[PDB]
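Residue numbers (the deposited numbering), protein chains in the order written: chain F, 2 to 278; chain Y, 2 to 278; chain B, 508 to 536, 545 to 571; chain G, 2 to 140; chain W, 2 to 140; chain U, 2 to 140; chain R, 72 to 141; chain P, 72 to 141; chain L, 2 to 141; chain A, 2 to 141. The beta-carbon is built from N, C-alpha and C at its ideal position, and this holds for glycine as well. Shown next, in structure tokens, is the structure this report addresses.
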């Protein structure tokens with residue numbers, strides 16, 4: 002697909018940041034190496050459900066004033082294409098496949114089959130969690146349902162699973178044409194308190210490590226690489242300075258389009274014609 | 002873990018600096034190559050218990066005035082990730098282990114065992130100083146105690162040892178996920194006297210050499226590498242100039258998280274099911 | 508037949524790794548198509564298909 | 002956005018597992034494989050008439066940073082001395098990190114050589130090479 | 002402006018096709034060919050009198066990024082184990098991307114070796130080499 | 002913060018000791034080891050049936066800056082001339098710097114070759130290679 | 072094979088063979104280059120190897136040779 | 072081994088052996104390719120080496136050979 | 002494979018022993034055996050009607066690096082001169098290195114020839130050949 | 002291992018001596034010995050009933066680089082013509098280089114053949130073969 006690393010990072014960082022900040026012992030583990038008073042002050046101010054201060058995330062160049070006490074500024078950077086395929090053919094498909102998804106589901110009995118229902122039509126099934134079927138189990142997929150023979154499996158009549166699968170758009174042939182790009186995004190934790198900037202740096206590094214395992218950047222946005230700048234005053238001529246430490250996140254990812262092929266051939270036919278010269 | 006090289010350096014330098022400055026013959030050895038008058042003036046001013054002047058250490062950008070006669074300014078610098086593991090698996094553990102520790106302890110008799118008591122639960126024992134046990138000695142560890150058979154060892158009933166060990170957090174499985182970072186910190190000895198700046202440089206180099214053997218940067222913060230700047234006026238438009246010579250300390254270290262695994266499997270079970278076709 | 512492992516000797520195991528391990532055991536020692552693995556909680560039920568003799 | 006229709010494996014996507022433990026700090030794995038394909042020639046033409054497979058061979062080579070604990074020597078997979086004579090064959094699995102699903106299995110690995118390099122500005126490196134009896138994948 | 006009177010093929014201009022499917026993410030193809038040309042010498046001069054062709058040989062080598070699906074192993078063209086004995090010869094076509102017109106055909110390919118490299122800062126790489134019976138082009 | 006659960010050895014972490022003296026200014030040590038693993042083949046299949054260990058071999062190579070005193074020649078471990086015939090085997094220990102605990106022992110070392118390079122913009126370098134009878138670690 | 076085509080013998084059947092002519096022939100024109108006339112087998116040999124193609128070798132004594140076919 | 076399987080002899084026991092048939096067989100179909108009939112041992116040989124696999128070699132004279140089993 | 006699990010014997014899996022002591026520095030041993038097998042022919046067929054055994058013969062050859070002590074000459078298993086007349090026949094065993102179970106005995110070995118070679122820059126070598134009476138899967 | 006501690010003899014650990022002087026430039030020596038060992042057979046068994054020694058024979062071969070002086074011809078240990086008739090038998094010793102203890106004596110050596118080779122770009126070589134009467138662990 003076409004991709005937007007900045008919007009991915011914003012969408013991914015915001016919930017993760019919230020879920021760490023609402024959970025005190027996580028911060029208590031992340032900041033174990035800092036000075037005791039720095040740790041306790043940060044945990045008192047920003048952390049837990051009762052926290053009176055709050056962190057914020059957003060892109061650069063807003064028209065309004067931000068929460069300069071603690072704010073992650075996201076800032077789309079450079080990139081370059083790095084590796085190309087022969088013919089620019091990144092892949093080919095017989096059935097137009099969408100995004101990868103993971104969904105929780107439960108088995109149910111139906112007509113002496115077990116079935117799992119999924120919210121969308123299954124274009125491909127990658128894994129039913131914790132199950133490997135035998136041929137006897139007569140595994141079949143149909144529409145948005147996975148179906149599974151009941152006879153030997155009655156104990157599992159309410160078994161709970163996670164389905165990893167991917168959508169289908171439509172039944173069509175084509176070529177995925179495109180290339181790989183290596184692209185940079187900068188993130189900086191602004192604070193007018195230097196110890197807050199240092200803690201926001203630690204929290205961001207933890208978040209990015211945790212992010213490396215996510216499906217989003219396992220399937221796309223691969224090879225996350227981190228670089229770190231000096232701590233410096235971002236703005237120097239207010240009633241106080243504003244500090245931050247930049248980090249650069251670099252990703253390798255595919256830019257591509259679905260070139261559908263309308264041509265289809267369904268029968269050869271043969272004829273002999275005679276040359277009398 | 003997540004780590005903070007700047008706070009490590011501050012915590013490590015301050016006590017070492019104090020303990021050198023309170024000990025005259027150490028300075029007399031460190032400064033043996035300097036001019037006699039420089040050496041004696043420094044030793045008179047800053048050194049020994051009666052020293053009327055004092056050195057100081059702290060981070061950059063304080064809001065107050067510092068002791069510009071002699072002050073080590075610590076200044077967090079750049080870094081970059083350098084080496085990655087396959088799957089980002091830095092290690093794996095069956096029991097969540099804390100920091101490494103070294104503690105002095107003495108043996109005591111208890112129920113015809115010798116035991117050493119340690120301040121914290123022993124997650125792993127690395128070394129009992131100056132002892133290698135035989136199988137006959139029936140070495141066992143339990144909770145926060147090390148225990149050791151009395152029968153043949155009665156002469157050692159009050160033996161004094163150092164225990165090198167590491168804490169345990171909890172009994173859980175997981176993967177240590179993370180990567181290695183190479184990171185820089187700058188340190189500069191500010192003085193309005195140039196000969197004091199040169200002596201503070203010498204003392205700092207001695208301190209860093211001594212630091213290379215510490216457990217902190219043996220286990221983490223490995224491969225200390227030093228670079229040195231020119232001596233120059235840091236500030237030039239007071240009633241006097243302030244001089245300093247920067248040094249850059251570069252460290253290689255691991256950034257990682259404990260990804261605990263809740264899944265555990267404790268019995269396989271087998272069944273045969275018959276296919277009548 | 509039985510082969511069994513217990514006692515925390517492993518990390519991060521999955522139903523696929525169990526099935527391959529069984530085939531490593533069997534291959535060094545019946546078809547991989549003919550065996551099923553279900554993992555649930557702490558239990559891995561391994562089920563082998565077998566062919567009883569029908570009369571013509 | 003995450004798409005399956007194109008995806009490549011990467012150093013972060015793949016676990017290496019031995020005896021059900023992941024190998025920490027593995028730096029590379031290189032699998033090589035050869036069939037001895039020999040061409041058939043005869044009087045009457047310069048062209049090859051046929052190709053035949055005659056001898057399967059393969060090796061797996063692993064480079065790793067030497068940890069202070071759980072080395073290949075401490076794990077027992079490597080051998081420093083005569084105790085090589087007492088090591089049974091082991092199976093090395095390369096596994097998808099997301100799905101925990103086996104990508105390729107190397108069966109019957111047996112050590113050819115083992116190296117350690119101690120150097121003054123670097124982390125210490127283990128390297129080991131195994132001959133193996135066969136490789137397979139299952140899906 | 003687009004001129005035919007001069008034009009060169011480029012990585013973007015050329016499809017690689019096997020069994021009527023394009024090979025995605027192929028990084029290179031290298032075709033090599035040898036005729037065994039032997040010079041004839043005799044008593045009476047140092048000069049070669051003649052050259053003769055005695056033995057045709059050639060190989061096609063392909064490097065590819067290891068996809069998560071439709072690998073050479075998943076496509077079945079490569080072989081990891083004894084099942085190499087059950088793979089029939091395949092024909093590899095290099096085809097003009099614009100005209101869909103065959104540039105060169107390698108006929109009767111048969112695998113010599115197969116490699117995979119797993120490395121920590123890189124995409125995983127497949128590489129495969131085939132001996133082939135002949136090559137041809139048609140126009 | 003200092004953690005044991007992950008740690009790697011580094012040039013600063015490891016002492017090299019010979020006869021209970023540390024070797025100053027050692028620049029590298031390289032240990033190599035080989036078992037002669039030979040594959041067994043037979044009529045009836047192309048697959049290897051088994052692997053056997055047949056011949057152990059190993060070497061330790063050390064590079065060092067040539068000191069003005071306590072060279073390998075001055076220490077007597079190296080030999081320049083016929084006095085090589087009068088040097089008994091020596092054991093080389095690689096030891097943890099923190100714990101003073103033996104990481105690996107090379108037993109029965111015997112010198113293969115000895116080099117010195119004198120060059121105009123560099124410190125002089127010794128290099129020496131030993132064959133050894135066995136290696137071991139103890140824990 | 073020679074055994075399958077009946078040009079070689081393994082046992083008593085050698086007594087029921089008869090002499091044969093072997094031709095070496097121009098590959099382009101199929102003109103004969105050499106005929107060996109009245110070939111009769113002296114010995115026949117086979118070798119089996121772990122990782123090689125199986126080989127046959129046969130030796131015939133012959134009566135005469137000519138630039139032409141019989 | 073041949074000694075363990077009773078197909079070879081080390082001493083007097085050679086006198087109590089009797090002739091055997093050796094088959095070379097198609098690995099796919101298990102169809103016989105060649106039978107050697109009535110094999111009887113001529114010599115038997117062993118070699119031991121410092122760093123190699125031990126080898127056996129045996130030679131039989133035989134009465135007849137055939138495209139088929141007896 | 003473990004030495005306990007190899008299907009084939011190898012040089013490290015076996016020992017050579019004489020009079021209950023292991024023969025050190027043994028480089029190789031070669032054992033040969035012939036039965037004099039002769040085919041019988043008669044008028045009316047070109048083919049051998051049967052084969053018959055006539056004369057058993059066998060030789061065992063041993064090659065070693067010459068030690069400074071405990072050579073064959075020093076151990077009294079070889080002869081240089083008249084002393085050959087005062088030797089008597091010996092049994093040579095090849096033995097499983099793990100279990101010390103006998104693999105082969107050669108019975109009644111008697112020396113045929115004895116050979117030495119000296120070289121500028123090589124280890125000195127000994128080679129000895131014995132004819133023997135019989136061989137067995139077991140000790141005498 | 003130290004030369005004092007090697008278990009095997011090597012070319013540097015031994016000397017070759019004739020008439021109490023060391024033979025310089027010696028490249029190789031080969032000593033061979035045969036006893037004529039013959040097996041006895043009789044009607045009623047296919048197997049040798051015993052082996053007996055019949056005829057001792059032995060030869061010592063020595064090969065050297067030809068020196069400009071003190072060749073075998075110059076030292077009088079070899080012959081080119083009639084002078085062979087006026088030679089007499091000599092003893093050749095192989096001796097421990099450290100202790101000068103004798104390792105082997107060959108007694109009563111008499112020359113069989115003598116050989117020389119000249120080459121464009123190589124060191125000249127001598128080879129000589131003696132038959133000898135007996136050998137011993139000790140000097141005469």
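For residue i: DSSP bridge partner residues
i             : result
residue 106/G : 94/G and 137/G
residue 18/L  : 23/L and 94/L
residue 257/Y : 179/Y
residue 31/U  : 118/G and 62/U
residue 40/U  : 52/U
Residue from the options whose Cα sits closest to the Cα of residue i
i             : options                       : result
residue 140/W : 126/W, 106/W, 66/W and 128/W  : 106/W
residue 43/U  : 81/P, 124/P and 137/P         : 124/P
residue 32/G  : 128/W, 109/W and 84/W         : 128/W
residue 39/W  : 27/W, 57/W and 24/W           : 57/W
residue 23/L  : 137/L, 122/L, 95/L and 110/L  : 95/L
residue 200/Y : 100/Y, 104/Y and 245/Y        : 245/Y
residue 98/U  : 214/Y, 228/Y, 240/Y and 227/Y : 214/Y
residue 37/A  : 25/L, 111/L and 68/L          : 111/L
residue 104/F : 24/F, 127/F and 206/F         : 127/F
residue 30/G  : 87/Y, 220/Y, 133/Y and 190/Y  : 87/Y
Where residue i meets chain L, residues with beta-carbon distance less than 8 Å
i            : result
residue 90/G : 2
Amino acids of chain W, ordered along the chain, whose beta-carbon sits closer than 8 Å to that of residue i
i            : result
residue 91/F : 25 and 26
residue 85/Y : 121 and 122
Close Cβ partners of residue i (< 7 Å) along its chain, the five nearest in sequence each way excluded
i             : result
residue 78/G  : 19 and 91
residue 173/Y : 97 and 261
Chain-order list of residues whose beta-carbon lies under 6 Å from that of residue i (same chain, five-residue window excluded)
i             : result
residue 41/A  : 50 and 51
residue 222/F : 252 and 254
residue 126/P : 118
Proximal residues to residue i (C-beta, below 8 Å), its chain only, five neighbours per side dropped
i             : result
residue 157/Y : 108 and 115
Chain-ordered neighbours of residue i on chain P, where CB pairs are closer than 9 Å
i             : result
residue 135/L : 81, 82 and 83
Interface residues of chain B facing residue i [CB-CB closer than 7 Å]
i           : result
residue 6/G : Under the 7 Å cutoff, chain B gives no residues; its nearest Cβ is about 22 Å from residue 6/G.
Residue i: contacting residues in chain G (beta-carbon distance under 8 Å)
i             : result
residue 176/Y : 23
Exercise. Closer than 8 Å, Cβ to any Cβ of chain F: which residues of the stretch 557-571 of chain B, in chain order?
Worked result: 562 and 564
Exercise. Which residues, in order along the stretch 97-130 of chain P, keep a beta-carbon less than 7 Å from a beta-carbon of chain L?
Worked result: 111, 112, 113, 114, 115, 116, 117, 118, 119, 120, 121, 122, 123, 124 and 125
For this session: Could you please tell me which residues of the stretch 47-62 of chain U, in chain order, have their CB closer than 7 Å to any CB of chain L?
Result: 51, 52, 53 and 55
Exercise. Listed from N- to C-terminal order along the chain, which residues in the stretch 32-45 of chain U have their beta-carbon within a distance smaller than 8 Å of any beta-carbon of chain P?
Worked result: 37, 39, 41 and 45
Exercise. Of all the residues that make up the stretch 67-94 of chain G, which are near chain B by a beta-carbon distance shorter than 8 Å?
Worked result: 92 and 94
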